Each structure stands twice: as C-alpha cells, then as structure tokens.
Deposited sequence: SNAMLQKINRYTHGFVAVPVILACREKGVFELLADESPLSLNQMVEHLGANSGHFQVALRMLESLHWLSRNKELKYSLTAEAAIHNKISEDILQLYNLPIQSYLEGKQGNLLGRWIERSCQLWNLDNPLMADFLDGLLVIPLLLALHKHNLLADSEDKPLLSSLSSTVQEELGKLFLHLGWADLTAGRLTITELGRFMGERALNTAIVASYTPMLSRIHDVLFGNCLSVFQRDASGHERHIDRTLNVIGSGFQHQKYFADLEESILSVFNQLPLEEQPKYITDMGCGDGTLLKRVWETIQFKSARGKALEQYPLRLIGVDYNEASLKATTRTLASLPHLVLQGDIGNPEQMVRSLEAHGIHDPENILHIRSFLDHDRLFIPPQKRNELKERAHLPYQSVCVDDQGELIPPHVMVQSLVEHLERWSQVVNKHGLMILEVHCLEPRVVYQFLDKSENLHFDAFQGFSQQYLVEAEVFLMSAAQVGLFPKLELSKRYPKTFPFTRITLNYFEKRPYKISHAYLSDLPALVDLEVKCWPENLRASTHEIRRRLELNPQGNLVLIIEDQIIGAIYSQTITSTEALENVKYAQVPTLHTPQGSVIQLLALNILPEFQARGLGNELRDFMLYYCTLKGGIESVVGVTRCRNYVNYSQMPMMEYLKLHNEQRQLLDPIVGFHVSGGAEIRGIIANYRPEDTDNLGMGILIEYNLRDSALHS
C-alpha cells in the first residue's frame, strides 16, 4: 500500500537526515541560530566556515523537516520542532558499519541487542516521527542483509527466521514485534503483511544505501575538506507504454530503425524496450523484414561491456558517449557506420541531472531569468552554491545541443526533480525527496523543478506529446518524476519578460478591437506580478502567441467579479489558476499554435503543483449572429462536427474545458455579447 511505502520512506529519511543533523549540531548550527536568529546563507557560511553549496542543501533539508522557517528576506530561523536535536545521542552513527551480514549468519553474537532495546524504547524520545528516523539506521542495513537470503517470509515452509541462531531469533523477533512486522500469534512468530511487504520492497531503500561513505564524512562535506570526498517500477512501465505506441504506428516503413539509450548502465532499459517491442508491438512481428538495431551509449567502458552482456543475444551496438555532446554521438555512430541518424529514436533515463556541467553560454539569456524564483539547489566541484538561474540556463543550452540532433522520432526522457521545502514538509513521508534531494545535491548532481525542466525543453523547441507523457506521483499534487516524449517543433515557447511589453502590446492590438484590447497597464501588471504565469510562443524570433495567467483563491472568488476587478483577484497562495487571455496573431491562426500553446500551459500548470484546476472567463465571437436566442441555447449549438458552434468557446471546450456558467456584465464594454462573459474550467486531471 501507499501507507507502507510511507513507512519505508521515513525509515530512509532518517538514514540521510540524521548524519547531517548531528553534523550541524556539532559545528554549532543550532546553537548559532539559537543566537542571531535571522540569518542568511552567506551570513552563516561565513560565520561557520561552511561550504555554501553543500551547507545550503542541509538548510533545504532542515527547512523541509520544518526545523527552520525561511522568511521572505530568505533568512532562516529555528522552529519548535528543531529543539529535539539535543536527544539524538551521537553513538547512533555506529549503526552504519555494524557487521549485519555476519550477524544473520550467527557469527556476531548478540550484536543487535542493545539497539533493539533502544528502538523498542522510543529512542528515549517523545516524538514518533524522529523515532522512525532513528529506526531507519537500524532498519535499512537489516533489510538489505535479510534480503540476500530472503530471510523475511511467513512461517510455512521456513518458519519466519527459523534458519537462524537462537539469539538472532530472540533479537529480531523482539524487533519485528515492535515494528509490527510480525505477530506472536499462537505463541510463534508469524510475519505481518507489513513485514512481508517491508521485506519484499526491502531493496527500494537498500539500493540507495550506498550513500554510507559520504554520510560518514558528511561533516567534511559541509564544514571541512568537501573536495576529498567526491523506486517505482511503473516509471519503466509507462515508458514501455509509449514505446508500443511508437512501434504500432501506421506504416512500418516509418518506424525508427534505431533506439539509442544514452546512459546504458547495465542495459536493462534497452532489453526491456526490445521485449516490449518484440512480443507486443507490431514491429515485433515484422523484424525479419524491418530490422531494429538497439544502440547503447555511455561514457564508462565498465557499463559498456555490461550491456554487451545484457544485450548479448540481441541486435545491438555499443559506443562511448556523453549527454553533454550529442553531436559526437552521431559522429561516433558515423564512425560505427550509421549514416541515417534521422531514423533513431532517442531515449534516456534519469541522467540529464548527472550531466557534466557546462557554464551558460548565452549571457543575455542568463540575465532574463536571473530574477525568476527557481528553487533548484546545486553544488560545484568547489562545493560552493551554483545560482539556480545559472543552472537552468545551463540546462537550456544542454537541451539545445540535443534539440539539434532530435529527429522525426523525438526524444523520450525520464527525469527526476526536486521540490520546494514547503511542499516537502506538507508531503514529507509521501515522497522520498528529503533524502534523495539532499544526496543528489551533496553528490553534485543537478535537480530542477519539473515545471522548470519542461519549460527548459520548451525554450529550445522540444515539446511533450502529452498523450505518451506521464507524471508522478500520479495521485498527489506535486510532480517528482516526469516521463516526457519530447517532439521537435518548428517554434519555441518561453516566458514573457518585461522587455517583451512593446511586442505584447503590439500583439494585443493585432488580435482584438480597441474595445477588447487589454490595457497596457494590465499587461505590465501581468508581467511584474506573474513572472512564471505568462507564456509566449515565438516563431522565427517574433512573438505570435501569448497566454496570460495568475493564481486565485478559488473559482468561487471568480464568477463573482467583473473583468475590471480581475487584478484584485491575485492571490500568491492560490489553488486555482485564472486564464487571463489567449492571443494568437490572425496571420497564424487556424494552424493549431493556439491549441498547442493552450495544451502546453495546462500541463505546465500541472507540474507546478498545488493547482486543482485552471479557469477563466472567455468571450463568444458569433453570438451577434444569433442573439435572438438566449446565450445558454447558443452555447448549446453544435457545428457540422460534434463540437460547439462558437469558435472561441468551441476552442476551450474541445480542449477539455467545461462551461461552468454565464457571468452577467463581466465585460460591459463587450457590446457584441451584451457584456456576457462565459466561465470555463479545465479538467486538469492527474
């Protein structure tokens, strides 16, 4: 269940969170903020000799645990939750190196008797949340060890933990009883489905228990010589879903002839792709006439030979490569005798954030974004903090290198993303961000928000086929992983900056008559107050589209206001997005640009998080030819197809919006429709 994964999540939360809390407590982070409370990042890193980059990662984690509040001046303060640091006894760090492999084999004595008593005791803590963190340090190593021999199973053919010495039985039983992994029914231990499930999924946390050495020198990472030191399966299920779609397309003639996975690793991804294609798709039934060659790419020869072994009975090829240089790939593929790169489907899985960092190259594009409120945290080889806007700018030119190699078959990219501390806390144990974000930042990997990554592709002409693109975690209001099947499109989409006001005013006049143009004052307001609420569609360096939006407290706040008082609907902590306007030059209408721009903005607002719906008040264009009938009977009309007659309301409704009501005298100056504005809402379903 999700609830059990949450228990797993908070076990692995402490595995990472505890070393750093202790490290911060020893250098005096908490004692400091006990004084001089309001402090900046730079204020502290100077007063502590910290590595600003890695130390910021610690702050994000601590804020995400709501031990620190970060004010609008960006300075931190303690919270009441932060007082519990005093009772985390230091010696718990000894858990990371105990010989539990041998222990289960009966050759370490009563190794885990003193801890298990302290875990049965609430680690002498009056806080169940931290007691689960501490339990992690014991729990994580055990499950890994218990998993090498599937030791956690019910008591039918192997009575639960019956192969083991008397003491191991006694100690583990006392523990599994405390943690609820087993019940002593009928005077004999029998696992609980929690215990069973805790042992089955035991490898989710274990796999990333490889953080141990960095965690042991985490005090170095934060305050000393940091330089010396350096799991859903439906991620891939949906990835396979979109592969079938690609290899069931109309003519086999036009399916990709190559599938190149950047970041082969062991090659498991490629092999799963081929079996999906082999046994399920249409291509799999015509491989003798339309061969398909897998291609593996990776910069470590180690994993290059691991995929030669994995793909060994499969038509494949292997070569060395790097994400940062997609142009060497076509040339290496040229060297390996592939002269039709346009017939390659490109895929990759969770590596763009592990690219070798290039500094940003287009300094004007750097400064446009230097005020946007990114909440990426990233660290340089010197251990200092990289400004978010530099990283994102870096990301864009990284994506542009690839956009210039992407072909008709597109670019299918899974990727992982970080989260705002305020959101991590709200969903602390529903997501694994706290430890994953904390480590991937300590490890000099580069995580950005999902909305920002998708935007980064947008600004270079890469756009997700929303049909084959999926978001995760599906049923929560945050995006932590994205499956995007980026298409290359002949345009670009980007944020509107104040520099764009001249053209956006010119835009507003070419799209509407004077009595319907948006006030220049309004447009200025939209840009200044909604930096990430304004999307622009650029073709050949000119703006040809623009969708405006802001955040509102509710749809009920709207539906009770006139167009003139919209600016007074703005609420920064709103759970709904107001669609302010959708302007497309008449020269370039009837092309789908407006349709695509609309679809993109909706998905952009889904990845931001915390937005249940997108609503707006639109106009009718052809009521003035039917005004004899009421609006509501006109809105009911249908064109030659099964779509609404009116092209404006038609456009939003076809795009999935539902007409929610009519607003009387919303736009009085709109004489054609008698001042009536038609409210709309978009599903926005997960």
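- In sequence order, the gaps in C-alpha coverage of the deposited chain fall at 231 to 252, 709 to 713.
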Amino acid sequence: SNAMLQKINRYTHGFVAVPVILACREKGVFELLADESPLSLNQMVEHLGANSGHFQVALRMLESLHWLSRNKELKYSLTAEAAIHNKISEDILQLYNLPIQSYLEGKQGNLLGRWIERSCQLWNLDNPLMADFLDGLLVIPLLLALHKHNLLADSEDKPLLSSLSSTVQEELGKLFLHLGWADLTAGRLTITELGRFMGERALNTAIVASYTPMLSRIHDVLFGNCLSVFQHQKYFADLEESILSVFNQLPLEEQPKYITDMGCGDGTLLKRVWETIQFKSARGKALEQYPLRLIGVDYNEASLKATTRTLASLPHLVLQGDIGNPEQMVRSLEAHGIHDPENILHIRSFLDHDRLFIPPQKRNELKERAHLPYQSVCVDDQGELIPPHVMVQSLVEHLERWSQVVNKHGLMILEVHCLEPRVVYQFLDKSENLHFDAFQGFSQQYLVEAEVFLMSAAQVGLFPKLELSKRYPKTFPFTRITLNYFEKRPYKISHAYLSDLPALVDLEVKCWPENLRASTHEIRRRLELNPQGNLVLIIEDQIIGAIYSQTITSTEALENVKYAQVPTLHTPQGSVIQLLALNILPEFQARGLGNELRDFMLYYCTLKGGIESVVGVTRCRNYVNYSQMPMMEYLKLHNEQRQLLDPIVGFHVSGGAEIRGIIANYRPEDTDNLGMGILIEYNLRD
From here on, numbers count along this sequence of modelled residues.
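- Remark: stretch with higher mean C-alpha B factor among 461 to 469 and 571 to 579 is 571 to 579.
- Legend: mean Cα B-factor per stretch from the PDB entry, 184 to 192 versus 105 to 113; the higher mean is in 184 to 192.
- Per the deposited record, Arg660 carries the highest C-alpha B-factor of all listed residues (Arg619, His652, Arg660, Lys636).
- Highest C-alpha temperature factor among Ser456, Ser519, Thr205, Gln169 per the entry: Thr205.
- The entry lists a Cα temperature factor for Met632 that places it in the highest third of the chain's modelled residues.
- When the modelled residues of the chain are ordered by C-alpha B-factor, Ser52 sits in the middle third.
- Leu161: CA B factor in the highest third of modelled residues in this chain (values from the PDB entry).
- Among the modelled residues of its chain, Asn665 has a C-alpha B-factor that falls in the highest third, as given in the PDB entry.
- Among the modelled residues of the chain, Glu63 sits in the lowest third by CA temperature factor in this PDB entry.
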